[PDB]
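**Q** To start, I am sharing the structure in question, which I have written as structure tokens.
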Amino acid sequence: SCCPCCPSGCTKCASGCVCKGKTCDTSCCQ
Ligand SMILES: [Cd+2]
Ligand SMILES: [Cd+2]
Ligand SMILES: [Cd+2]
Ligand SMILES: [Cd+2]
């Protein structure tokens, strides 16, 4: 897993976790 704020995948978090920046909106993974 990565973060409970994303699915068990998220190509965005696949490289790590882009959620380290902000919460998780259209400017994060959405
Ligand atoms: Cd997340
Ligand atoms: Cd994500
Ligand atoms: Cd993540
Ligand atoms: Cd995110």
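Numbers here mean position along the shown chain, with the first residue as 1.
Every residue, even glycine, has its Cβ placed from backbone N, Cα and C.
So Swiss-Prot says this about it:
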- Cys2, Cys3, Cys13, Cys17: divalent metal cation 4 binding site (BINDING)
- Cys3, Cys5, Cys6, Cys19: divalent metal cation 5 binding site (BINDING)
- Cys6, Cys10, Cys13, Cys29: divalent metal cation 6 binding site (BINDING)
- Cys19, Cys24, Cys28, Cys29: divalent metal cation 7 binding site (BINDING)
**Q** For the binding-site residues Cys13, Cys17, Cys24, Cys28, which residues place their CB under 6 A from an atom of ligand 3?
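**A** Passing the 6 Å Cβ check against ligand 3: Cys13, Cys17.
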**Q** Enumerate same-chain residues with a sequence separation of six or more from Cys19 (divalent metal cation 5 binding site) and a Cβ-Cβ distance below 8 A; give 'none' if the list is empty.
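**A** Set apart from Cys19 (divalent metal cation 5 binding site) by at least 6 residues yet with Cβ under 8 Å, we have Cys2, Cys3, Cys5, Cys6, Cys13, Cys28, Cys29.
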**Q** Could you tell me which three-state DSSP class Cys29 (divalent metal cation 6 binding site) falls into?
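**A** Coil, per DSSP.
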**Q** Name, in the order they occur in the sequence, the residues of the same chain whose CB lies under 8 A from the CB of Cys24 (divalent metal cation 7 binding site) and which sit 6 or more residues away.
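**A** In sequence order, the residues whose Cβ lies under 8 Å from that of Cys24 (divalent metal cation 7 binding site) (at least 6 apart) are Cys3, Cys5, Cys6, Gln30.
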**Q** As a test of the contact definition, list every same-chain residue at least 6 positions from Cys17 (divalent metal cation 4 binding site) whose Cβ is closer than 8 Å to its Cβ.
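**A** Sequence-distant Cβ neighbours: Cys2, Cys3, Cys6.
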